[PDB]
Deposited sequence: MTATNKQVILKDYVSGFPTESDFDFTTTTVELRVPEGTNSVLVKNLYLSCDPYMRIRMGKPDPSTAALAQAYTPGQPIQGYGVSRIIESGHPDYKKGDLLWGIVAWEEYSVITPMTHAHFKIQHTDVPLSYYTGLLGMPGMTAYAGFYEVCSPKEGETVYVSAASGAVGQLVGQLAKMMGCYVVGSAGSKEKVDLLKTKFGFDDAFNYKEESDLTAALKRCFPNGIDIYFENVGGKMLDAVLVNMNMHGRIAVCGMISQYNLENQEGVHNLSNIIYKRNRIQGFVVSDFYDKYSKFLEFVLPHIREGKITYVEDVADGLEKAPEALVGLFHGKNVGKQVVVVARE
């Protein structure tokens, strides 16, 4: 075939919060050939991830103006110049926001799917690059014992909803926070945490956390920052671990919020350790063969926001920095 390839470019660099008018749709024409240099695969992009690191990549290796925005996503091989991928099987990894991409598959960037007995939308999230951040970030970096109390921020979403599920499986008391009432209702209905609150309904964030924890916070999984780290630093305990995954409060800000209560690290004998998921990708098969017995069984679940089409995909990345995503924000580019 010689099909028309619909692409989402970034026009120019973003300074603050993203708008849909920082990105434009352009078209190329892909010849469905055995591809551009005999080391490569040609894929058809099935599902795409709208995940929040993309804002830090939108700043002045960083993205280049007039070219597609790179992201993770699930893809079907249409043709190959690589040895261990034939035509008709599945990968996940860094693809361009296209309908059809030619990529070179390097090991801990791009991964083959062997288990299609679960949704292939989950391989942008749960069994993808959000879910590995929750395995890796809770079991190494947070270093947990049972009974110990876990706090998850942006609990609602991607990374956050597996951290909490893995904790009320270990024997921990887990509290989450989220933006709207419907996002906060899932934490107790579906994912079945012990408590939850709406941080947007809290005028009282330090007092909110003193309410939820009569016994304090041993573990924190930091996805948010600033004002929430200040509050958590007060409500902590003796040898209290903080796992700094993200800072979504800060990405979208030029002159970014200051943390005041870092003196409660000497006193309260705290470890704040920052990680990157990429480092733990050697433990992906170890993760898959732990969590697929549990997803297949209904111990571990997932909520996804579905955004059908490449058309509503500027719409969908913009939407994270406000939290329109009721769970993990997937784009469907192709259904079959």
The deposited sequence goes unmodelled at 61-69
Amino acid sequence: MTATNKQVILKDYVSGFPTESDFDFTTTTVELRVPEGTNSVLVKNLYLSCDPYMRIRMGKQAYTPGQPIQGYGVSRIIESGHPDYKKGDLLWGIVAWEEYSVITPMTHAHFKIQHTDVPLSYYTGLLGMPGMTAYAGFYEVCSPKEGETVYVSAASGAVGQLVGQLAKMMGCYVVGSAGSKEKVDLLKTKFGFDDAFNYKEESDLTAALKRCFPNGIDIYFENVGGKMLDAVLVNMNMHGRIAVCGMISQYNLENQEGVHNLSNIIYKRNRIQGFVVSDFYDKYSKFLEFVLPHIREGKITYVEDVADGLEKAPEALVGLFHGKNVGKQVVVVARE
From here on, numbers count along this sequence of modelled residues.
Going by the entry, of stretches 5-13 and 19-27 the one with greater average Cα B-factor is 19-27
Of 207-215 vs 183-191, the stretch with the larger average CA B-factor in the entry is 183-191
For 310, 34, 295, 303, the deposited C-alpha B-factor is largest at 34
When the entry's CA B-factors for 144, 171, 125, 258 are compared, the highest one belongs to 171
Residue 48: CA B-factor among chain residues, third -> middle
Chain thirds by Cα B factor, record data; residue 271 belongs to the lowest
Binned into thirds over the chain's modelled residues, the C-alpha B-factor of residue 86 lands in the highest
Tertile call for residue 228 (CA temperature factor, within chain, third-based) is the middle
Binned into thirds over the chain's modelled residues, the C-alpha B-factor of residue 202 lands in the middle
